[PDB]
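As provided, protein07.cif (mmCIF, C-alpha atoms) reads as follows.
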```
data_model
#
loop_
_atom_site.label_atom_id
_atom_site.label_comp_id
_atom_site.auth_asym_id
_atom_site.auth_seq_id
_atom_site.Cartn_x
_atom_site.Cartn_y
_atom_site.Cartn_z
CA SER T 61 88.65 46.20 59.61
CA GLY T 62 90.82 45.97 62.71
CA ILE T 63 87.94 44.90 64.96
CA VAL T 64 86.97 41.49 66.26
CA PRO T 65 83.36 40.81 67.20
CA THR T 66 82.78 39.65 70.78
CA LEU T 67 80.92 36.40 71.39
CA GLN T 68 78.01 37.22 73.71
CA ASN T 69 75.88 34.11 73.80
CA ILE T 70 76.10 30.45 72.86
CA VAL T 71 73.19 28.01 72.79
CA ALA T 72 73.92 24.29 72.98
CA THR T 73 71.88 21.09 73.28
CA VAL T 74 72.78 17.98 75.27
CA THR T 75 71.07 14.58 75.41
CA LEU T 76 71.45 13.16 78.93
CA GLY T 77 70.10 9.85 77.68
CA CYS T 78 67.51 8.96 80.34
CA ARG T 79 63.96 10.03 81.24
CA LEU T 80 63.53 12.65 83.97
CA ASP T 81 61.00 13.49 86.68
CA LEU T 82 61.00 17.25 86.35
CA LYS T 83 59.03 17.55 89.58
CA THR T 84 61.86 15.77 91.40
CA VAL T 85 64.63 17.81 89.77
CA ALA T 86 62.89 21.03 90.73
CA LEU T 87 62.69 19.74 94.30
CA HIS T 88 66.29 18.68 94.81
CA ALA T 89 68.20 21.20 92.69
CA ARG T 90 68.81 24.75 93.94
CA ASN T 91 68.02 27.77 91.77
CA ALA T 92 65.47 25.76 89.82
CA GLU T 93 62.00 26.84 88.77
CA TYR T 94 59.34 24.52 87.40
CA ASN T 95 55.95 25.76 86.21
CA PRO T 96 54.59 23.08 83.82
CA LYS T 97 51.45 25.18 83.33
CA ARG T 98 53.56 27.50 81.15
CA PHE T 99 56.59 25.49 80.05
CA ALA T 100 57.14 21.74 80.34
CA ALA T 101 60.74 22.01 81.52
CA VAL T 102 62.85 22.87 84.55
CA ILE T 103 64.80 26.09 84.29
CA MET T 104 68.06 25.95 86.19
CA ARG T 105 70.96 28.39 86.48
CA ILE T 106 74.53 28.11 87.70
CA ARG T 107 77.16 30.76 88.39
CA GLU T 108 80.26 29.17 86.85
CA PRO T 109 80.08 29.49 84.00
CA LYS T 110 77.16 31.91 84.29
CA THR T 111 74.52 30.09 82.24
CA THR T 112 70.90 28.87 82.24
CA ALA T 113 69.75 25.35 81.34
CA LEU T 114 66.35 24.19 80.13
CA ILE T 115 65.92 20.58 81.28
CA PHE T 116 63.20 18.36 79.80
CA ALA T 117 61.38 15.22 80.93
CA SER T 118 62.91 13.47 77.93
CA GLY T 119 66.35 13.91 79.46
CA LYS T 120 67.42 16.46 76.84
CA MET T 121 68.48 20.00 77.67
CA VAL T 122 69.44 23.38 76.24
CA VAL T 123 72.25 25.42 77.77
CA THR T 124 72.25 29.17 77.13
CA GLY T 125 74.24 32.23 78.10
CA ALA T 126 77.70 30.76 77.60
CA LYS T 127 80.26 33.13 76.08
CA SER T 128 82.73 30.58 74.71
CA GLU T 129 82.61 27.04 73.29
CA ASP T 130 84.53 25.77 76.32
CA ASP T 131 82.24 27.43 78.89
CA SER T 132 79.27 25.94 77.05
CA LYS T 133 80.58 22.37 77.18
CA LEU T 134 81.78 22.92 80.75
CA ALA T 135 78.47 24.34 81.95
CA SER T 136 76.63 21.51 80.17
CA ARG T 137 78.73 19.02 82.09
CA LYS T 138 77.85 20.63 85.42
CA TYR T 139 74.12 20.48 84.78
CA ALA T 140 74.38 16.81 83.82
CA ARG T 141 76.43 16.25 86.95
CA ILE T 142 73.67 17.79 89.06
CA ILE T 143 70.97 15.66 87.47
CA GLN T 144 73.11 12.63 88.30
CA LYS T 145 73.87 13.83 91.83
CA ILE T 146 70.10 14.05 92.29
CA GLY T 147 69.59 10.44 91.32
CA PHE T 148 69.25 9.93 87.58
CA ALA T 149 71.23 7.81 85.11
CA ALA T 150 72.08 11.00 83.24
CA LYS T 151 75.07 11.02 80.88
CA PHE T 152 76.79 13.80 78.91
CA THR T 153 75.86 12.96 75.30
CA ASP T 154 75.43 14.57 71.89
CA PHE T 155 76.85 17.98 72.91
CA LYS T 156 76.26 20.42 70.03
CA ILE T 157 76.37 24.22 69.71
CA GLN T 158 73.24 25.43 67.89
CA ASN T 159 73.72 29.20 67.84
CA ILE T 160 76.37 31.84 68.49
CA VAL T 161 75.67 35.55 68.87
CA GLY T 162 78.30 38.28 68.74
CA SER T 163 78.37 42.09 68.89
CA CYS T 164 80.59 44.89 67.60
CA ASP T 165 81.11 48.58 67.65
CA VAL T 166 82.57 50.10 64.50
CA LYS T 167 82.72 53.39 66.47
CA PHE T 168 81.04 55.54 63.79
CA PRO T 169 77.36 56.36 62.99
CA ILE T 170 75.52 54.72 60.10
CA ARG T 171 72.98 56.11 57.66
CA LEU T 172 70.72 53.04 57.76
CA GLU T 173 68.10 54.04 55.16
CA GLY T 174 70.82 54.54 52.61
CA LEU T 175 72.18 51.07 53.37
CA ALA T 176 68.70 49.56 53.14
CA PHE T 177 67.90 51.22 49.81
CA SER T 178 71.27 50.08 48.46
CA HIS T 179 70.99 46.43 49.61
CA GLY T 180 67.23 46.02 49.38
CA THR T 181 67.33 42.28 48.81
CA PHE T 182 69.20 41.62 52.08
CA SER T 183 68.06 44.33 54.45
CA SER T 184 64.71 45.13 56.02
CA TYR T 185 64.56 48.52 57.75
CA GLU T 186 61.44 50.06 59.25
CA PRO T 187 62.28 52.03 62.42
CA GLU T 188 58.57 52.00 63.19
CA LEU T 189 58.84 48.29 64.06
CA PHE T 190 62.45 48.07 65.17
CA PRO T 191 65.17 50.78 65.28
CA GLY T 192 67.88 48.52 63.84
CA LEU T 193 68.34 47.35 60.27
CA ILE T 194 68.07 43.59 59.67
CA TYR T 195 70.65 42.37 57.21
CA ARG T 196 70.27 38.75 56.10
CA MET T 197 73.69 37.75 54.77
CA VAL T 198 73.93 34.85 52.36
CA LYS T 199 77.52 33.71 52.78
CA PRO T 200 77.99 33.03 55.54
CA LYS T 201 74.35 32.70 56.54
CA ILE T 202 74.35 35.18 59.39
CA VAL T 203 71.75 37.72 60.39
CA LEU T 204 73.02 41.14 61.40
CA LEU T 205 71.25 43.88 63.30
CA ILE T 206 72.81 47.19 62.25
CA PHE T 207 72.17 50.29 64.36
CA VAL T 208 72.65 54.00 63.79
CA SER T 209 75.20 54.02 66.59
CA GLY T 210 77.65 51.73 64.82
CA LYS T 211 76.71 48.88 67.14
CA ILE T 212 76.49 45.54 65.33
CA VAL T 213 74.75 42.30 66.33
CA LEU T 214 75.60 39.09 64.49
CA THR T 215 73.68 35.86 65.04
CA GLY T 216 72.78 32.54 63.43
CA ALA T 217 76.31 31.15 63.45
CA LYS T 218 77.25 27.60 64.43
CA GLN T 219 81.02 28.22 64.28
CA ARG T 220 82.52 31.36 65.82
CA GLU T 221 84.34 31.81 62.52
CA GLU T 222 81.08 32.66 60.73
CA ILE T 223 80.56 35.68 63.03
CA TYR T 224 84.06 36.85 62.13
CA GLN T 225 83.58 36.28 58.39
CA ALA T 226 80.15 37.92 58.54
CA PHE T 227 81.62 41.02 60.15
CA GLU T 228 84.49 41.30 57.66
CA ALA T 229 82.03 41.09 54.76
CA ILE T 230 79.76 43.81 56.15
CA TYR T 231 82.48 46.24 57.24
CA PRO T 232 83.01 47.76 53.76
CA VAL T 233 79.30 48.54 53.33
CA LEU T 234 79.08 49.79 56.92
CA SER T 235 82.00 52.10 56.15
CA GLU T 236 80.40 53.17 52.87
CA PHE T 237 77.33 54.40 54.73
CA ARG T 238 79.19 56.02 57.59
CA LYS T 239 77.68 59.37 58.57
CA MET T 240 80.52 61.86 58.07
CA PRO W 4 38.65 25.09 99.10
CA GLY W 5 41.14 26.46 101.63
CA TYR W 6 43.93 28.87 102.56
CA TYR W 7 47.69 28.40 102.43
CA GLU W 8 49.26 26.58 105.33
CA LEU W 9 52.69 28.24 105.28
CA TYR W 10 51.72 30.44 108.23
CA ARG W 11 51.64 27.43 110.51
CA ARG W 12 55.45 27.61 110.32
CA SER W 13 55.40 31.14 111.82
CA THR W 14 55.96 31.97 115.49
CA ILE W 15 52.25 32.25 116.32
CA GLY W 16 51.30 29.25 114.22
CA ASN W 17 54.00 27.09 115.70
CA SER W 18 52.88 28.07 119.23
CA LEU W 19 49.32 27.07 118.37
CA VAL W 20 50.60 23.68 117.20
CA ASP W 21 52.39 23.34 120.54
CA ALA W 22 49.34 24.23 122.61
CA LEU W 23 47.24 21.96 120.42
CA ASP W 24 49.61 19.02 120.92
CA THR W 25 49.62 19.25 124.71
CA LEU W 26 45.82 19.05 124.75
CA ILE W 27 45.98 16.03 122.42
CA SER W 28 48.54 14.26 124.61
CA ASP W 29 46.41 15.06 127.67
CA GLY W 30 43.53 13.49 125.80
CA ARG W 31 41.51 16.68 126.11
CA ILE W 32 40.74 16.86 122.41
CA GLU W 33 40.96 14.64 119.36
CA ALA W 34 43.63 15.17 116.74
CA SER W 35 40.83 15.85 114.23
CA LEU W 36 39.69 18.81 116.33
CA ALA W 37 43.30 20.02 116.45
CA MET W 38 43.56 19.82 112.65
CA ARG W 39 40.30 21.75 112.30
CA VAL W 40 41.72 24.49 114.57
CA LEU W 41 44.83 24.66 112.38
CA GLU W 42 42.68 25.06 109.24
CA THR W 43 40.69 27.87 110.84
CA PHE W 44 44.02 29.39 111.86
CA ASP W 45 45.12 29.43 108.21
CA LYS W 46 42.08 31.47 107.30
CA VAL W 47 42.29 33.83 110.24
CA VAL W 48 45.97 34.61 109.68
CA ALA W 49 45.37 35.39 106.04
CA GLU W 50 42.53 37.74 106.92
CA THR W 51 44.25 39.36 109.89
CA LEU W 52 47.42 40.07 107.90
CA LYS W 53 45.30 41.48 105.10
CA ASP W 54 43.12 43.78 107.21
CA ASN W 55 45.24 44.71 110.25
CA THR W 56 48.69 45.14 108.73
CA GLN W 57 50.07 48.58 107.84
CA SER W 58 53.87 48.27 107.97
CA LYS W 59 55.88 47.96 104.78
CA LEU W 60 59.40 46.63 105.02
CA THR W 61 62.06 46.12 102.38
CA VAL W 62 64.92 43.66 101.98
CA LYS W 63 68.18 44.33 100.13
CA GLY W 64 70.97 41.79 99.90
CA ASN W 65 72.51 38.95 97.94
CA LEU W 66 70.17 36.24 96.70
CA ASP W 67 71.99 33.03 97.67
CA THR W 68 69.33 30.61 96.44
CA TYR W 69 65.95 30.83 94.79
CA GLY W 70 63.38 28.23 93.87
CA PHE W 71 59.97 28.02 92.33
CA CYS W 72 57.85 24.93 92.47
CA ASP W 73 54.14 24.36 92.94
CA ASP W 74 53.34 28.06 92.74
CA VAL W 75 55.67 28.77 95.68
CA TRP W 76 58.73 31.02 95.75
CA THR W 77 61.60 30.34 98.12
CA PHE W 78 64.48 32.72 98.57
CA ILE W 79 67.55 32.65 100.79
CA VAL W 80 68.93 36.18 101.15
CA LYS W 81 72.36 36.51 102.73
CA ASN W 82 74.11 39.60 104.11
CA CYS W 83 71.11 41.87 103.75
CA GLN W 84 69.58 45.05 105.15
CA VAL W 85 66.02 44.74 106.36
CA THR W 86 64.35 48.08 106.97
CA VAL W 87 61.07 48.13 108.88
CA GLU W 88 58.40 50.81 109.58
CA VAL W 105 67.10 49.13 109.62
CA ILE W 106 68.21 45.60 110.54
CA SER W 107 71.38 43.77 109.56
CA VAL W 108 70.76 40.08 108.84
CA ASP W 109 73.29 37.38 108.02
CA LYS W 110 70.70 35.07 106.41
CA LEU W 111 66.98 35.25 105.69
CA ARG W 112 64.71 32.57 104.27
CA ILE W 113 61.65 33.86 102.40
CA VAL W 114 58.82 31.49 101.48
CA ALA W 115 55.90 33.02 99.60
CA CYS W 116 52.63 31.92 98.00
CA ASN W 117 50.66 33.34 95.13
CA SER W 118 48.32 36.20 95.95
CA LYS W 119 46.12 34.80 93.17
CA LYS W 120 44.22 31.51 92.74
#
```
Show the structure stored in the file as structure tokens.
Amino acid sequence: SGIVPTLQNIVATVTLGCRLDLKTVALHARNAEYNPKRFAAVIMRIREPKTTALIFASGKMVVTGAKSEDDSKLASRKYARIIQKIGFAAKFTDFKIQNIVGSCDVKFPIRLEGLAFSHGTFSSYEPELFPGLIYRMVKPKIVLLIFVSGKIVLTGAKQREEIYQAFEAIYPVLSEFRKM
Amino acid sequence: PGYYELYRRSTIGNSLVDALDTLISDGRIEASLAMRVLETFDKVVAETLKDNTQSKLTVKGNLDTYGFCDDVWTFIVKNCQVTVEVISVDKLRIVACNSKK
């Protein structure tokens, strides 16, 4: 294909192994918002790497927004370090990436309804609901959002390799339905 | 069944606390009476700012820190432009409460 999808977002979970007083975290950490009435967790953001963590009373958290596996682990470590610095027996445990999202640009337009009619068992296209075509790939198990513009969204991957393999697999069919 | 107390941290509210404390130290009033004045103050400020305020200013700058706890927003804006009715400000702390119950 000659193109390599760009990783745009990585979601990871981390068990800090120790109960937390969310009310206290929200009070001593900067850039933290806590509104239990709507979500039972403290939302905290940091600038390097630019990410957002969801911290729970159970001591477990979700780190989002990271653009690489390293930034994800690194950011996760900083959040844990803050929880500690606040006064908890937090530890960096069970780090695990749960989802990777990537995007592409094949540069050419795509006749989506032709692609949907051709691959009916994998794609759901109804512009009324959503402008992009939803392609549910089997191997690897990656969901793609194909747009008329040639823009491609790939998600559902746990290894960055799946995004790459998903894109290579779809390129031929994308090319086949190129508007030209 | 009351009003926010953040306004007691303002220039006029802090001055009232000062005046109130001198009368307490002079033994001219009881602390309870002072507290009751402060609680009336909270109401009066909320009503005066709501009915006798016309100005509309705007702040533009870099959000250094934000925070949201207990239905309160706190923001520290650095290197910003405050325009009233234009003012350059190195740092500005903003503490705000919900307009709703």
Mind running chain T against chain W at 6 Å and telling me each contacting residue's nearest atom pair with the distance in Å (one decimal), counting only C-alpha atoms, chain and number ascending, as a Markdown table?
```
| residue | atom | partner | partner_atom | distance |
| --- | --- | --- | --- | --- |
| T:91 | CA | W:69 | CA | 4.8 |
| T:92 | CA | W:70 | CA | 5.2 |
| T:93 | CA | W:71 | CA | 4.3 |
| T:94 | CA | W:72 | CA | 5.3 |
```
Atomic distance CA of residue 45 in chain W - CA of residue 33 in chain W, expressed in Å with one decimal: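 Those two atoms sit 19.0 Å apart.
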Neighbour list for residue 222 in chain T as a PyMOL selection string, cut-off 9 Å, only C-alpha atoms, skip fewer than 4 positions in-chain: chain T and resi 199-202+216-218+226-227
Could the residues in this selection be written to a file with C-alpha atoms, as a JSON list (two decimals), keeping the file's coordinate frame?
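That gives us again-v6.json:
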```json
[["chain", "number", "residue", "atom", "x", "y", "z"],
["T", 199, "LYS", "CA", 77.52, 33.71, 52.78],
["T", 200, "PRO", "CA", 77.99, 33.03, 55.54],
["T", 201, "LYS", "CA", 74.35, 32.70, 56.54],
["T", 202, "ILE", "CA", 74.35, 35.18, 59.39],
["T", 216, "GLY", "CA", 72.78, 32.54, 63.43],
["T", 217, "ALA", "CA", 76.31, 31.15, 63.45],
["T", 218, "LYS", "CA", 77.25, 27.60, 64.43],
["T", 226, "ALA", "CA", 80.15, 37.92, 58.54],
["T", 227, "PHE", "CA", 81.62, 41.02, 60.15]]
```
Atom-to-atom span, CA of residue 66 in chain T and CA of residue 125 in chain T, Å: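 Here the two named atoms are 13.5 Å from each other.
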Picked residues, the PyMOL selection byres ((chain T and resi 146) around 8), expected as a PyMOL selection string: chain T and resi 85+88-89+142-145+147-148
Picked residues, the PyMOL selection byres ((chain W and resi 16-26) around 9), as a list in words: residues 10, 11, 12, 13, 14, 15, 27, 28, 29, 30, 31, 32, 33, 34, 37, 38, 40, 41, 44, 45 and 48 of chain W
Hits of the PyMOL selection byres ((chain T and resi 156-169) around 6) in this structure, as a list in words: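 Residues picked by the PyMOL selection byres ((chain T and resi 156-169) around 6): residues 65, 66, 67, 68, 69, 70, 71, 72, 73, 155, 170, 208, 209, 210, 211, 212, 213, 214, 215, 216, 217, 218, 238 and 239 of chain T.
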For residue 185 in chain T, list every protein, DNA or RNA residue within 8 Å, evaluated using all atoms listed in the file, and leave out those in the same chain fewer than 3 positions away; present the list as a CSV table (one decimal) with C-alpha atoms, in the coordinates of the input.
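Okay, this is what ended up in around-v2.csv:
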```
chain,number,residue,atom,x,y,z
T,172,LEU,CA,70.7,53.0,57.8
T,173,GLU,CA,68.1,54.0,55.2
T,176,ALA,CA,68.7,49.6,53.1
T,190,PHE,CA,62.4,48.1,65.2
T,191,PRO,CA,65.2,50.8,65.3
T,192,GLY,CA,67.9,48.5,63.8
T,193,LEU,CA,68.3,47.4,60.3
T,194,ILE,CA,68.1,43.6,59.7
```
Give the padded box for range 152-170 of chain T as JSON: axis-aligned, covering all atoms listed in the file, 8 Å on each side, centre and edge lengths in Å to one decimal.
```
{"center_x": 78.0, "center_y": 34.7, "center_z": 69.5, "size_x": 25.5, "size_y": 59.4, "size_z": 34.8}
```
Test item: residues at most 10 Å from residue 65 in chain W, all atoms listed in the file, excluding those fewer than 3 positions along its chain, as number ranges by chain: W: 62, 68, 79-84, 110
If you keep C-alpha atoms, can you produce a file of those selected residues as a compact mmCIF listing (two decimals), in the coordinates of the input?
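As a result, selection_29.txt now contains:
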```txt
# COMPACT_ATOMS: atom_id res chain seq x y z
CA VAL W 62 64.92 43.66 101.98
CA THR W 68 69.33 30.61 96.44
CA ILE W 79 67.55 32.65 100.79
CA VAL W 80 68.93 36.18 101.15
CA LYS W 81 72.36 36.51 102.73
CA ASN W 82 74.11 39.60 104.11
CA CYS W 83 71.11 41.87 103.75
CA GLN W 84 69.58 45.05 105.15
CA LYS W 110 70.70 35.07 106.41
```
Distance in Å - CA of residue 196 in chain T versus CA of residue 130 in chain T: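 Straight-line distance from CA of residue 196 in chain T to CA of residue 130 in chain T works out to 27.9 Å.
Using only C-alpha atoms, the shortest contact distance between residue 8 in chain W and any of W:36, W:87, W:46, W:109 is found at W:46.
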Proximity to residue 104 in chain T - best of T:138, T:133, T:151, T:220, all atoms listed in the file: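 That would be T:138, the residue with the smallest distance to residue 104 in chain T.
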Ref. answer, residues at most 9 Å from (61.4, 11.4, 82.6) with all atoms listed in the file, as JSON, numbers by chain: {"T": [78, 79, 80, 81, 82, 116, 117, 118, 119]}
Near-residue 136 in chain T list (10 Å; only C-alpha atoms; drop same-chain fewer than 6 positions) as an NGL selection string: :T and (72-74 or 76 or 109 or 111-113 or 121-124 or 126 or 130 or 152-153 or 155)
